[PDB]
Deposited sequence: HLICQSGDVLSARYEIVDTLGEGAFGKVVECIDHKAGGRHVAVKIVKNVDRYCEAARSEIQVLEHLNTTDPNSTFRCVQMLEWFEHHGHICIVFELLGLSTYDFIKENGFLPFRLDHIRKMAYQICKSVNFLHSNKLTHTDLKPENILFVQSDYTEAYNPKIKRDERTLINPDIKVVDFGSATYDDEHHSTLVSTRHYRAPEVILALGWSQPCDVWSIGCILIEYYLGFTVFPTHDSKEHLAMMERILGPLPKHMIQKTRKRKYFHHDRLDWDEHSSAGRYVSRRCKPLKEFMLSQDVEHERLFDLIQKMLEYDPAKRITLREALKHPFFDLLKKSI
């Protein structure tokens, strides 16, 4: 840091670390000290290739949507330095995860959620049109355009509030075209779809599951899947949404998870009781039974349909009642 790359970008600060490497903030000395973000990919095969893929994906999408009408991050250039791939991006604000966290996990206000959601659904339906599936949607990969605030007070402390809740989607290193190889395991665990967990094959619907999981988190301020074990994650889905359908059970080869034709889960085990305590039927999560909240929850529920063929598409989701107050 103070390190110069490409003889124009001076690292000032670190914005993010990760599997792939890091994202830093740089001053661009040839663009009148204006500021950008640079992703510095680890010098490691699987990350260079995800980065190579990210770049091809993002050139296609810059070609198709040069003005980020569909809210993907804009890549400005790429180069190499000490055999790290380096991707220059427009400078964004905080992730939606970082923002919530830095508010003490105070959920987002429903008006901001409606909007943020609409943008995320717009962005990813645009990928789904170009035969891409993101595979790793989560609040860490949805970032505010800038995250500026008002230090307003409240009697249930000094929270920050969103003037402008515009988002972009980031992280296209895992985005998979329909005609390409599909990795066996995608998504971060808490945002991962049952078809992925059961190894049924996946495609575009898996992103919709993830989106459902994100909206729940924006609303609750915490995850409804607080787990790192696959079977328990399934037991949690059941407690929140009812039994898995027979034909998904019949079709999976993850036999380990099942006894006779039912999840091999003892509800009265220690793990059983942890699930019963942290998880309950979806709608019992609602903090008010007014009309708007019933609509969010009708959507979420549709995004959390077990059967990927039956699950709502983002085409359909973009015409959900929940989205009216926007026009």
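- Comparing the deposited sequence with the modelled residues shows gaps at 1-5, 162-163, 335-337, with numbering starting at 1.
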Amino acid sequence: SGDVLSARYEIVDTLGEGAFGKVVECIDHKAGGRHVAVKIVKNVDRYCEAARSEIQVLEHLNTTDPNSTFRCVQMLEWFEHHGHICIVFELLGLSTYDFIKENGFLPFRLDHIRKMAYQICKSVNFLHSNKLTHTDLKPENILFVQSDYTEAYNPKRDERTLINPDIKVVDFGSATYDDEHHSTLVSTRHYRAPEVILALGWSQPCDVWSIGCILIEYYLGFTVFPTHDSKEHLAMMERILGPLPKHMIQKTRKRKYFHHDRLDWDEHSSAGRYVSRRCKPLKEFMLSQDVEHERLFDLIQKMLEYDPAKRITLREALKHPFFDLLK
From here on, numbers count along this sequence of modelled residues.
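- Taking the PDB entry as given, 17-25 carries the higher mean Cα B factor of the two stretches 17-25 and 299-307.
- Here 137-145 and 107-115 are compared by their mean Cα B-factor, and 107-115 comes out higher.
- The PDB entry assigns its highest CA temperature factor, among 286, 55, 36, 41, to 286.
- When the C-alpha B-factors of 171, 195, 232, 158 are ranked from the entry, the top spot goes to 158.
- Per the deposited record, the Cα B-factor of residue 80 falls in the highest third when ranked against the other modelled residues of its chain.
- When the modelled residues of the chain are ordered by their C-alpha B factor, residue 51 lands in the lowest third.
- Among the modelled residues of its chain, residue 244 has a C-alpha B-factor that falls in the middle third, as given in the PDB entry.
- Sorting the modelled residues of the chain by their CA temperature factor places residue 219 in the middle third.
- The PDB entry assigns residue 89 a C-alpha temperature factor belonging to the lowest third of its chain's modelled residues.
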